[PDB]
Each structure stands twice: as structure tokens, then as C-alpha cells.
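Neighbour counts are summed over all protein chains in view; Cβ atoms, including those assigned to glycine, are modelled from backbone coordinates with ideal geometry. Every number here is computed from the coordinates shown, using simple stated rules; none is lab data.
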Amino acid sequence: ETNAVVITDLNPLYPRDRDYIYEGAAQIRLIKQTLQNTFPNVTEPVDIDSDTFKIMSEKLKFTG
Amino acid sequence: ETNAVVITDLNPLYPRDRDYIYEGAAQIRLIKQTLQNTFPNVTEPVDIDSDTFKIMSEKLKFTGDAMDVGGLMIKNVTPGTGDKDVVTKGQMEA
Amino acid sequence: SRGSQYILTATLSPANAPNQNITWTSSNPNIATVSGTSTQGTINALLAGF
Amino acid sequence: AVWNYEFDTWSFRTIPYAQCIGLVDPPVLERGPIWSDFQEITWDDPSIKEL
């Protein structure tokens, strides 16, 4: 039943709020570990410039 | 508590340090669903990129002209550009 | 607030009641819906409107 | 004066002026609480901090 084991992919409805309090700082540590593992190098990733992905949506089609 | 599902949607100070504690679960769930929907394709390894780690956070610009021309090597495979030797041989042969 | 759903309790006057059952009602259930027993679990949909 | 009957060692300590003593389950806030129970409690520690 212990649902505080997740890595690289989480579940919002697993906490099932009507549950004991051990769910908490445990989930916070899990979120922190996941964020650190996904990108353990972060200073200022501002490579968007006000949602440029919309007009620059050409990354998936490197032919044209 | 906000009713949004995306990033930059709720003031981190919205709890006020005075709101009731029963909202913590709804905040954690909101954060988790936001992290999931903002990167639904992250399933392969962490694949750290960090935007080149050095300078590309500001130099990577594309508004009216592209920059950072690629420094690829010769393309003997998948014949693309007109490599100098090939075109010279073709011209001298005719 | 938005999304938050607070649970309400209804303690009957007598300490016990046999064959008792509650069917919670609220005009225009499109705003929220509740049913079951003394435990309500009110759900909120909008950010305004009493 | 506390004595461990598993390793036969003596030790002492202090108690908060005990007229009696006993074992019992703790309050609901310490018997295992639930997120959807603090509907009236907030982060302003209303007389409860040692949680």
C-alpha cells in the first residue's frame, strides 16, 4: 500500500488524501530526488524566450 | 487554491502561512500533475542536456536569421553538399 | 477554493438510529454533488457562487 | 533508576513529577492523523507545535 516510491514518473491521484500523515515529507523528498535526477545541472535554463517552441516547432522534423 | 494545471499559475506565497493544512495534499497533487503534463514525454533516461551547460542559454537566438553554423565533417555518406574534390573532378572531366 | 473539497459531518440527535440512511441533496447539483452517510465530502467546482 | 533486564545494566534519569504512570494510546493527532482531518487547523500552530 505504501505509494511513496516513484522515480522519473509520478502519480497525482495515488496520494489518496484520506491517508496517514507519513505521506508528506516523504513525497517531498521523492519529488526533489526526481527533479535532481532528471536534470542534475541547473543554473538558468531560460532557452525558451516567451514560448518560442510554438513557432520553433521544427525540432522533430529535421528534413525541412 | 488555484484551479490551473500548468506552470506559472499560482503564487508560491498563496498559502499565506495561514491557510488550513488540509490543502497540502491538493498542492502536492497539483505540483505533480503539472510536472507530469509539462513533460509527458520524459520516460527514457534522465538525458541531461542543461542547454549545453556553458553559454547557449542566451546565445541560442532565432528571430530573423540563424547562427551557430554547424561544423560537420565531410559527408561522403549520404551525399549532400557539393564537396570540393567531387565538384572539381566533375568539372575537370566534363 | 478551487478544487479543494472539505468534508462535513452530520451527528444525528440520538446516539444511534437503526435502519438510518442519508441522501444528501443540493439544488442544482451541477455545482456540486454529495451523498452517502453522515460523511458529506463536499466538492467545489467554481471559484464563486454561494 | 532504570534497569534493562536484557543486558543487566543500571541507569538513571529524570521524570516530570510523576504521581502515577501507565500506558495508553495517544490522541488522534498522534495516533496517526490524516490530511483530511486538519480542516480547522492551520500553519499558525494554534497551541500545537510539537508535531
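Observations, loosely collected:
- B:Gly90 meets the conditions (1) surrounded by fewer than 11 Cβ atoms within 10 Å (Cβ to Cβ); (2) under 30 Å from A:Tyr20 (Cβ atoms); (3) not charged (D, E, K, R) in every case but one. The failed one is (2).
- Considering residues of region B:43-63 that are assigned to a loop (DSSP other than H, G, I, E, B) and within 21 Å of A:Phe62 (Cβ to Cβ) only, the residue nearest to the chain's Cα centre (by Cα): B:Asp49
- Restricting attention to region D:13-33, the residues that are in contact with a helix residue (DSSP H, G or I) (Cβ under 9 Å, 6 or more places away or on another chain) and either of a type in the set (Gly, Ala, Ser) or free of Cβ contacts under 8 Å to residues at least 12 places away in the same chain (or both) add up to 1.
- Odd one out for A:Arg29 among (1) among the charged types (D, E, K, R); (2) under 21 Å from B:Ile31 (Cβ atoms); (3) at the interface with another protein chain (Cβ under 9 Å from one of its Cβ atoms): (3)
- Hits in region B:11-51 (condition: surrounded by fewer than 12 Cβ atoms within 10 Å (Cβ to Cβ) and touching a residue at least 24 places away in the same chain (Cβ under 8 Å)): B:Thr38
- Filter pass, C:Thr25 being loosely packed, with under 11 Cβ neighbours inside 10 Å and either under 13 Å from the mean Cα position of the chain (by Cα) or not in a loop (DSSP other than H, G, I, E, B) (or both): yes
- For region B:14-26, residues that are more than 7 Å from every other protein chain (Cβ to nearest Cβ) and under 15 Å from A:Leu30 (Cα atoms) total 0.
- Region B:52-74, subset surrounded by 11 or more Cβ atoms within 10 Å (Cβ to Cβ) and of a type in the set (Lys, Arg), residue farthest from the other protein chains (Cβ to nearest Cβ): B:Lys59
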